[PDB]
Structure formats: structure tokens, C-alpha cells
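Data first, discussion second: the structure below is written as C-alpha cells.
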Amino acid sequence: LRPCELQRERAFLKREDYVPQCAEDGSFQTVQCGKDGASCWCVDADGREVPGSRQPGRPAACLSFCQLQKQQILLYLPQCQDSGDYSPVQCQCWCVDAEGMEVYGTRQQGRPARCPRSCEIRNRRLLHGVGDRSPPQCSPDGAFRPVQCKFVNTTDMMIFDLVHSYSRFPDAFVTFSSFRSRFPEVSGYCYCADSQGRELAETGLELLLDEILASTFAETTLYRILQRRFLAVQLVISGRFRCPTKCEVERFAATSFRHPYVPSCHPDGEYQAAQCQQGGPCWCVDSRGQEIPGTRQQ
Amino acid sequence: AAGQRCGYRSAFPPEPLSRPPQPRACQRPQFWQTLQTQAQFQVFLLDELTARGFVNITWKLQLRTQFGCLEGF
Amino acid sequence: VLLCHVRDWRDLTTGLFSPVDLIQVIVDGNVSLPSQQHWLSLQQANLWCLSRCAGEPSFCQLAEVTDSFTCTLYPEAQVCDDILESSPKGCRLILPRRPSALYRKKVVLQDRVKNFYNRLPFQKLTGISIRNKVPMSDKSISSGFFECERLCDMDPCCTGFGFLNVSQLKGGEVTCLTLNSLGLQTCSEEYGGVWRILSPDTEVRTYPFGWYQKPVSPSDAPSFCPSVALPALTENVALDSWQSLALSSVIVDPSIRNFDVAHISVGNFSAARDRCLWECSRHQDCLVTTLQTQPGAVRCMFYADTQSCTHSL
Amino acid sequence: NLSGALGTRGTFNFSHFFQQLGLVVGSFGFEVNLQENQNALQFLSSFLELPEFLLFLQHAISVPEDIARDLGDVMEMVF
Ligand SMILES: *[C@@H]1O[C@H](CO)[C@@H](O[C@@H]2O[C@H](CO)[C@@H](O[C@H]3O[C@H](CO)[C@@H](O)[C@H](O)[C@@H]3O)[C@H](O)[C@H]2NC(C)=O)[C@H](O)[C@H]1NC(C)=O
Ligand SMILES: *[C@@H]1O[C@H](CO)[C@@H](O[C@@H]2O[C@H](CO)[C@@H](O)[C@H](O)[C@H]2NC(C)=O)[C@H](O)[C@H]1NC(C)=O
Ligand SMILES: *[C@@H]1O[C@H](CO)[C@@H](O)[C@H](O)[C@H]1NC(C)=O
Ligand SMILES: *[C@@H]1O[C@H](CO)[C@@H](O)[C@H](O)[C@H]1NC(C)=O
Ligand SMILES: *[C@@H]1O[C@H](CO)[C@@H](O)[C@H](O)[C@H]1NC(C)=O
């Protein structure tokens, strides 16, 4: 999973009277809180509490993970973006993922013009031969497509090698007819993938292919049809012709994993203007979920 | 002896003349592009400061409240 | 002994190397190739020269020892004709003078790729300068791709590679041909879907395949790589024959679709401009060409008739 | 009609989803008003086989990308 969700589920199962809530992306929320919103202390990516914060309520916008690591190092220095997260290219002037750990093969003398997003990195790391040989579908901007569709070999229930099969026969992916006549025992499978490309929980939908040039299989009409069908079924499942946005994932997490902050959103899916903490203060929030520097209280 | 004069503007500071006064000096009088305001380890200061939406501290804004310009211009 | 020649590039192990017979060498006195002379028994000398090679593996790849004694350390002098095919039969060693016991460095692969190759969005490449055409039909596609990436990393002059089919009409065979110059690269996918200006034999569209270029990496291609330039234009284009337009007489309208893009790099800006102007002059359909200098390459865009007159009294 | 035609045993528990239905909680704590979802689905279907819809695309494509990154934003600024 991630360094947090393990701790979170351990706390929830063991019932130990504090659950370290962490946002989607499975990284510790900068400002954790106690079992009843008593004392929200802020932490770092490691998972420890920063000594200089135990105040009851909510800390006044505790320092971000990038800058926490930076000031820890002070006693290379990261360049934290104005938002508090790492700049996409640290500076040897390599560039980094959205976690702090440098992207593998990106050590250069000068700043790269544009170095990969997360989905491009995952695809390339797949070609190196680590992970199931099915390329995650990447949005044009480079981030993960919300709906990821990976085929499955029906016999043995083993994932269907897609890099190799599409490399060898992408004539075979012209239409579903050809695919059936080439791989009759393969049944598609589409799920909703979060910002990190991690298959969300209990949202996979094992489609069928029996009854229905491009490249990458993310531009083939096969994938477009196979995700249009998934969104159509998702409309019935959840009324929204789309997968749950980052907000709604955070919501469901908080509701399930009881901890005092539960974000709020409305059917459009974006973060509601003002998020409120039961037994605590309210505050405006931007589209990306980060609390506005100060709004505690056209 | 002579002293050069510039619709354009002299990039170099004025001075009278011997010396080789620079020919390719006078050029476009650009427009203001930065405003900044001053208020009374530095990395710790800036880290704890910007975390609140933000000793000598300056908030220069590339486009009290004195105008300047981007470094190298 | 007495190493450090005046003119030499600057700035167990006997079995580690793969000796190659001398017949594979094309002698050429009028050739340019950096090296490191020396003036060294015989077998002890051979081991010494090979140890000296392994000492500085940055560019020593064609260590050769003679007995007429000397031993030099050439870089990979395997210039290949710019023909897409699954065989180094077109690749021929060119050396200043036939040595006696020329060896070469066994290509050592790795598990970690040094850099992140980003595939070019260009199907066609003209003026490429192939370095080492390799067959890859033996390996699997992903394993072959990994071998190809590693091959280009191990080559300090490789400025990008190509993992692609060759002779697809006959059936096609996968090859990892590494480039030290991408040349004029054209025939993109997103650009000029309508209004194309420019290959069944090869096929670079399927996912693994493409024309990967290693990151721009402004190291300046360390100064022992073979100097490479686009083939000189046989025709001379007179810039006076083309109206240069001021940037104020043009609109920046996006969503304009009757155009097509090309990149260059490789030669001084004037050379790239002449190349793109000639490329547009070949087609009577191109009408305006605009060049902008991107960091690594220069981007020339060809638009057809696109003018928006505004009328008034 | 899909429940047997296309949708198949995967990981969503159609069993549980139906056991509160005819044969509420939803995928991610999503209250589901089944009737409204079905009505919206038929709305979208009749909407997609609509002669004017094509024209909308022919116009939605035209509008500059700067004011509307994607056709959804084109639509929102048309609303
Ligand atoms: C680039 O050429 C590639 C050469 O490796 C080619 O891969 C080969 O493709 C053929 C089919 O096109 C495979 O043959 C298979 O399909 C036929 C269809 O009738 C069957 O009869 C055969 O038994 C077999 O299953 C080859 O096997 C495959 N290469 C290898 C080594 O197996 C790619 O198709 C080419 N890429 C493009 C874009 O054309
Ligand atoms: C429900 O689904 C079935 C199966 O998809 C439909 O039967 C198909 O109908 C189409 C025409 O709409 C035919 O082209 C297919 O050959 C049929 N398939 C089979 C297996 O019979 C059926 O029409 C749908 N409607 C109802 C009321 O069942
Ligand atoms: C799926 O599994 C079977 C195992 O019987 C295997 O033989 C087959 O190759 C797999 N599918 C394809 C298309 O190869
Ligand atoms: C660029 O190089 C070519 C080489 O012959 C030369 O003809 C041309 O005049 C050069 N232009 C400039 C600006 O150096
Ligand atoms: C959900 O599906 C499983 C098999 O995947 C099935 O055994 C189970 O009964 C279903 N849940 C319920 C509540 O029926």
C-alpha cells in the first residue's frame, strides 16, 4: 500500500486511540489529529510528530513536508514550491517525483526541459521488467487516466501481457472482432485509479469482450469503448458519469476511518469552498484541497 | 570631448568623455515589472513565514511598495 | 611508457576483451579519430595496454597494439551508413592505419539506465547518423527495449536511439539502432493530421517502438564524438527569394490545423533555416515557414495559405 | 440488461448492490437514487442521438482552448 495506510489500518483494527489520517496518495496528512479532535499535531513524511506543535484545535498551517525535510537537513537543499510541495525538478540538477525521492534516471547537469509525470515513469519502469506487463493508461498531460483498463487472461486468472501482445499484433487491436479472433480467452477489466494510479477499492468492473492505426492501446478505439462502457456502468452504480474525484475518495476514507475531519463536496466533485471540522474551526479551501493560508473562523 | 545623448533610453549610466564610449548601449526603455515592500537562519525564517501565506524581509512581486526590476536588467 | 602524446584526446582483463580479426578495418589516412598514442615483450605489453584501457573506460573502446612498439586507444570507430536495417554489415571500421592486434571492448550491460529517454513524437527521421545497428528479434520486446536503452547509455556519443522494425514488407525484424544525430525529424502524429508534407519498410508507431532521444542534457556531446552535420543542400536557396515577415504582421491564432512541424537537431542556425526553407520549397502547397529556436532543436513550422484580412473603409 | 450480458463477476459485489435493490449505500459512501440514475441514463441516451448535438460539437470544438481546456469546460461556460 504505502507507509501510512499500514499504520492507519493497524490503528483502526487495534482500536488504539489515535488513527493517523492520511490523504489519498497515501501520504500522512501534514496536520494529524487525535481520536476526538482534541490535539491536532503535525507530522512529517516519516510519520513522527514535530516537537514544536501539540496545540489543541488545529495548528496554524503547519510547515509542509518538503520544508520540514529541508529544515531537518539544515541541522543539497530542496526547492519547495509555493504550495509547500516539492518543486517538480530539484537541483547535478535532477528532477523528483511528487514524494521527494528522485525519479530514477534523471540526473543531468542542467534543468531538464520537461521531465516525466507519474504515468510516464510507471510505463517506463514497466518496460524495464518490474510489474505486471500491462501499461497504465496515461492522460495526455502525463497523469494517470482516471479509468485504468487492464485485460485479464480468463484461464489461470493471470493478467494478460499487453506490452508484448500489442507490440507483436496491434493489427489485432483494430476492433473488438479482431481481438476476439486473436485472443478469444481474454476478458477486459476496468477500475478507477487515483492520482497515484493505485487501483481504488471495490471499484473494479470486470467487463466482457464477447459481444461488442493507433498505438499505446490508450489511443485504440478498444480502450475508448472499454472506458465509455465503464463510465456508463458507473453512472448507474453512482449516478456520476465519472470516477470518484480526490475529494470523494478522501470523504469516504474519513467517513469509514472515523477521525474528526471529514471533507465536504457536492456532486460536481470539486472541493467545497469551506471545509469544517466537527469540534473545531472552519476554513476555506482551494480546488486542490489545501487550506487557504488563513481563513479560520461576491 | 563629447558626451553621448539618446526616443530611446541609455542603458548605461550617463557620463562625459580617449575613452571608448559604448556604442550598443542605448536601447528600449522597458516598463516596470517588479514591486517590492520591505518590513523589519534565514531559511527557517522564510519557511515558517511562507507557510502563513507570505529582520529584513521583502515580498517582491514580478508583474512602502517601491518599484524595481528583475535582476540582470 | 612515455604516455601523454601531444595530440591525444584529454579531459583476467585480457579475456575481458573481444579480439576481432584485422580484415574488418578500412584503412584511411585522411580520417579524423581521437586516440592516445603509446610507445611500449609482447604479451606483457598487450596486458599493459588493455589494463590502461580499462583504467579510463570513458572513451577507450578500440584498444590496438602493434609491433612495428606502440599501442593506441581509439573510441568506437564504427561509422555506419544511414540505412535502416537489421545488420552492421553496413558498418565498417575506419582507422588511420591497419594495426597488428586490434581488440575492442566487450559491451558490458547494466541493470540501471543512466537517463530517461523521452520518445520523440516524430515518425520520420532523415539525415540520421547511425552508430550501431543491432538485431533484437532474439529477445522479447520489453527485454529487447531494455537492452537497447542500456546500449545507448553505454555509448557516450549516442544522442538518442531507435527501437523499430526494419523490412516490414518482408515481415519486419526488430532492431535497436543508436543515433549520434537525429537529423531533420518530421512526420509527427499530433501535428499536420491534415496537410501532411511527407514508409512501409520501417514502422515506428507501436508502443515500445519510436525514436527515443536521451534528455537534452547540455553536456555538449563530449569532444571526441564524430562531428556530424546534416547532408549539405545540393540546391542553394536564396533567402532574398522569400519575404521575411515582421512578427507584428501575424496573428497567433491557435486551433489552426493546416500546418505541419519539423525539428532539426546540428549545423549553425543558418544551415537549419536553409534546410527548412528548402523543405518547404519542395512543396508548392507550403506557403509560409516559421522557425523558432527550442532548447535542443530548432522547430520549423510550415503553414499553407492562412491570412485573415480585416476590411474597412 | 447488462447483468449477464457484459458486466460480470469482478470486484464490485453486484450481489450487495442489488440486495438493497430489486432482483442505496453506493460505491464510495455514495447515496444512490437508482430511479434518478436510470432517468439520467435515458436522458443521456436520447441526448446523444439528437441532431442538434452534432452541431454543438462542431461549435464546442471551435472555441479556443485557452477559455475552455476541455469540452466539459466549454460546456460549463456555455451554461
Ligand atoms: C514489426 O514486425 C514484427 C516482427 O517481430 C511483428 O511481430 C510479428 O508479427 C506477426 C504477426 O503480424 C507474428 O506472427 C503471428 O501472427 C500470425 C498471424 O497469422 C500467426 O499466423 C503466427 O503463428 C504468429 O502467431 C510474429 O510472431 C511476430 N513476431 C514474432 C517474433 O513472433 C510486428 O507485427 C511488427 N509491428 C508492426 C507495427 O507491424
Ligand atoms: C438485452 O440483452 C440481450 C443480449 O445482449 C439482447 O439480445 C441481443 O439483441 C441484439 C439486438 O439489440 C442482437 O443483435 C443480439 O444478437 C442479441 N444477443 C443475444 C445473445 O440474443 C436483448 O435484445 C436485450 N434486450 C432484452 C429485452 O433482453
Ligand atoms: C491464457 O492462459 C492459457 C492457459 O491455458 C494460455 O495457454 C494462453 O496462452 C493464455 N492466453 C493467451 C492469449 O495466450
Ligand atoms: C553556416 O555554416 C556554413 C558552412 O559552410 C556557411 O556556408 C554559412 O555561411 C554559415 N553561416 C554562419 C552564420 O556562420
Ligand atoms: C460478493 O461477491 C462474493 C464473490 O466475489 C460473493 O461470495 C459474496 O456473496 C458477495 N457478497 C454478498 C453479500 O453476497
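Chain labels follow the order of the C-alpha cells: the first chain is A, the next B, and so on; residue numbering restarts at 1 in every chain, and ligands are counted from 1 in their shown order.
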
Could you list the protein, DNA and RNA residues that have any atom within 7 Å of ligand 4, counting only C-alpha atoms and all ligand atoms, and write them as a PyMOL selection string? chain C and resi 267-271

Would you give me, as a Markdown table, each residue of chain A having an atom within 12 Å of an atom of ligand 2, along with its shortest atom pair and that distance in Å to one decimal, using only C-alpha atoms and all ligand atoms and sorting by chain and residue number?
```
| residue | atom | partner | partner_atom_place_in_ligand_line | distance |
| --- | --- | --- | --- | --- |
| A:208 | CA | ligand 2 | 5 (O) | 11.5 |
| A:209 | CA | ligand 2 | 5 (O) | 11.8 |
| A:210 | CA | ligand 2 | 20 (C) | 10.0 |
| A:211 | CA | ligand 2 | 5 (O) | 7.3 |
| A:212 | CA | ligand 2 | 5 (O) | 9.0 |
```

With DSSP run on the backbone, what are the helix (DSSP H, G or I) residues within chain B? I'd like them as a PyMOL selection string. chain B and resi 42-50

If you keep C-alpha atoms, can you produce a file of those selected residues as a JSON list (two decimals), in the first residue's frame?
```json
[["chain", "number", "residue", "atom", "x", "y", "z"],
["B", 42, "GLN", "CA", 17.09, 32.90, 7.00],
["B", 43, "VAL", "CA", 15.88, 29.57, 5.58],
["B", 44, "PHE", "CA", 13.98, 28.84, 8.80],
["B", 45, "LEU", "CA", 12.52, 32.35, 8.74],
["B", 46, "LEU", "CA", 11.29, 32.02, 5.16],
["B", 47, "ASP", "CA", 9.94, 28.51, 5.74],
["B", 48, "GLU", "CA", 7.89, 29.50, 8.78],
["B", 49, "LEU", "CA", 6.86, 32.71, 7.01],
["B", 50, "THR", "CA", 5.56, 31.44, 3.67]]
```

Let me have all residues with an atom within 12 Å of ligand 3, counting only C-alpha atoms and all ligand atoms, laid out as an MDAnalysis selection string. chainID A and resid 151:162 164:166 169 172 179:187

Let me have all residues with an atom within 6 Å of ligand 5, counting only C-alpha atoms and all ligand atoms, laid out as a ChimeraX atom specification. /D:13,15-16

Write the residues of the selection above to a file with C-alpha atoms, as an mmCIF file, in the first residue's frame.
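Saved result, selection-v6.cif, follows:
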```cif
data_model
loop_
_atom_site.group_PDB
_atom_site.id
_atom_site.type_symbol
_atom_site.label_atom_id
_atom_site.label_comp_id
_atom_site.auth_asym_id
_atom_site.auth_seq_id
_atom_site.Cartn_x
_atom_site.Cartn_y
_atom_site.Cartn_z
ATOM 1 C CA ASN D 13 -20.155 -7.004 -5.350
ATOM 2 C CA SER D 15 -24.683 -9.006 -5.228
ATOM 3 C CA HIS D 16 -24.675 -6.459 -2.405
#
```

Dump the neighbourhood of ligand 1 as an mmCIF file with N, CA, C and O atoms, in the first residue's frame: all residues within 8 Å, distances computed on only C-alpha atoms and all ligand atoms.
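Now in part-v6.cif:
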```cif
data_model
loop_
_atom_site.group_PDB
_atom_site.id
_atom_site.type_symbol
_atom_site.label_atom_id
_atom_site.label_comp_id
_atom_site.auth_asym_id
_atom_site.auth_seq_id
_atom_site.Cartn_x
_atom_site.Cartn_y
_atom_site.Cartn_z
ATOM 1 N N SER A 167 2.691 -5.024 -28.924
ATOM 2 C CA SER A 167 3.885 -4.797 -29.725
ATOM 3 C C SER A 167 3.880 -5.678 -30.958
ATOM 4 O O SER A 167 4.180 -5.222 -32.066
ATOM 5 N N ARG A 168 3.590 -6.961 -30.743
ATOM 6 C CA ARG A 168 3.619 -8.018 -31.785
ATOM 7 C C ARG A 168 2.438 -7.864 -32.732
ATOM 8 O O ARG A 168 2.660 -7.778 -33.922
ATOM 9 N N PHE A 169 1.225 -7.805 -32.205
ATOM 10 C CA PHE A 169 -0.009 -7.715 -33.013
ATOM 11 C C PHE A 169 -0.860 -6.512 -32.606
ATOM 12 O O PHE A 169 -1.751 -6.698 -31.798
ATOM 13 N N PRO A 170 -0.580 -5.262 -33.025
ATOM 14 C CA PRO A 170 -1.502 -4.165 -32.795
ATOM 15 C C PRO A 170 -2.473 -4.027 -33.980
ATOM 16 O O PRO A 170 -3.314 -3.159 -33.932
ATOM 17 N N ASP A 171 -2.333 -4.862 -35.024
ATOM 18 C CA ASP A 171 -3.341 -5.079 -36.094
ATOM 19 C C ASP A 171 -4.528 -5.779 -35.424
ATOM 20 O O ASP A 171 -5.668 -5.436 -35.721
ATOM 21 N N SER C 137 15.537 -9.491 -32.650
ATOM 22 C CA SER C 137 14.453 -10.457 -32.769
ATOM 23 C C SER C 137 14.612 -11.620 -31.800
ATOM 24 O O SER C 137 13.619 -12.268 -31.456
ATOM 25 N N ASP C 138 15.837 -11.898 -31.354
ATOM 26 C CA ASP C 138 16.049 -12.991 -30.410
ATOM 27 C C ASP C 138 15.338 -12.731 -29.088
ATOM 28 O O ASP C 138 14.742 -13.644 -28.505
ATOM 29 N N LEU C 164 12.946 -0.190 -33.466
ATOM 30 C CA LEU C 164 11.990 -0.131 -34.562
ATOM 31 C C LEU C 164 12.092 -1.354 -35.450
ATOM 32 O O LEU C 164 13.082 -2.083 -35.432
ATOM 33 N N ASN C 165 11.047 -1.553 -36.244
ATOM 34 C CA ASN C 165 11.051 -2.573 -37.275
ATOM 35 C C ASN C 165 11.875 -2.123 -38.470
ATOM 36 O O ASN C 165 12.020 -0.928 -38.739
ATOM 37 N N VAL C 166 12.410 -3.095 -39.194
ATOM 38 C CA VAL C 166 13.032 -2.845 -40.485
ATOM 39 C C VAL C 166 12.621 -3.962 -41.430
ATOM 40 O O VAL C 166 12.507 -5.123 -41.023
ATOM 41 N N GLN C 168 9.623 -4.310 -42.992
ATOM 42 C CA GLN C 168 8.309 -4.812 -42.612
ATOM 43 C C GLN C 168 7.580 -5.428 -43.795
ATOM 44 O O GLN C 168 6.713 -6.288 -43.604
ATOM 45 N N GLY C 171 8.246 -8.801 -43.657
ATOM 46 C CA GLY C 171 7.781 -9.357 -42.403
ATOM 47 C C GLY C 171 8.220 -8.514 -41.226
ATOM 48 O O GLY C 171 7.529 -8.444 -40.205
ATOM 49 N N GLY C 172 9.373 -7.865 -41.361
ATOM 50 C CA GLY C 172 9.862 -6.966 -40.338
ATOM 51 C C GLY C 172 10.692 -7.653 -39.279
ATOM 52 O O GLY C 172 10.336 -8.736 -38.805
ATOM 53 N N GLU C 173 11.804 -7.031 -38.900
ATOM 54 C CA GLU C 173 12.630 -7.505 -37.802
ATOM 55 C C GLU C 173 12.960 -6.330 -36.897
ATOM 56 O O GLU C 173 13.204 -5.221 -37.377
ATOM 57 N N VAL C 174 12.945 -6.575 -35.592
ATOM 58 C CA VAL C 174 13.145 -5.512 -34.615
ATOM 59 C C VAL C 174 14.632 -5.239 -34.463
ATOM 60 O O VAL C 174 15.445 -6.164 -34.355
ATOM 61 N N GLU C 203 8.585 0.781 -39.348
ATOM 62 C CA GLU C 203 7.336 1.066 -38.647
ATOM 63 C C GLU C 203 7.675 1.494 -37.223
ATOM 64 O O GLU C 203 7.979 0.648 -36.378
ATOM 65 N N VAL C 204 7.618 2.798 -36.968
ATOM 66 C CA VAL C 204 7.719 3.300 -35.605
ATOM 67 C C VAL C 204 6.412 3.977 -35.230
ATOM 68 O O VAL C 204 6.294 5.203 -35.283
ATOM 69 N N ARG C 205 5.435 3.187 -34.817
ATOM 70 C CA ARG C 205 4.244 3.714 -34.160
ATOM 71 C C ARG C 205 3.827 2.910 -32.943
ATOM 72 O O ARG C 205 3.330 3.499 -31.979
ATOM 73 N N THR C 206 4.018 1.618 -32.925
ATOM 74 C CA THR C 206 3.583 0.780 -31.827
ATOM 75 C C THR C 206 4.350 1.145 -30.563
ATOM 76 O O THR C 206 5.462 1.670 -30.622
#
```

Set the cut-off to 8 Å and count only C-alpha atoms: what are the residues of chain D that reach chain C? Output as a PyMOL selection string. chain D and resi 62+64-65

Resulting file, chosen residues, C-alpha atoms, as a PDB file, in the first residue's frame:
```
ATOM      1  CA  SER D  62     -14.106  25.686 -32.372  1.00  0.00           C
ATOM      2  CA  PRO D  64     -10.319  28.459 -28.194  1.00  0.00           C
ATOM      3  CA  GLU D  65      -8.688  26.047 -25.775  1.00  0.00           C
TER       4      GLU D  65
END
```

Output the contact residues of chain D with respect to chain A at a cut-off of 12 Å, based on only C-alpha atoms, as a PyMOL selection string. chain D and resi 1-14+16-18+21+24-45+69-70+72+76

Shell around residue 39 in chain A at 6 Å using only C-alpha atoms, local window under 6 positions removed, as number ranges by chain: A: 33, 55-57
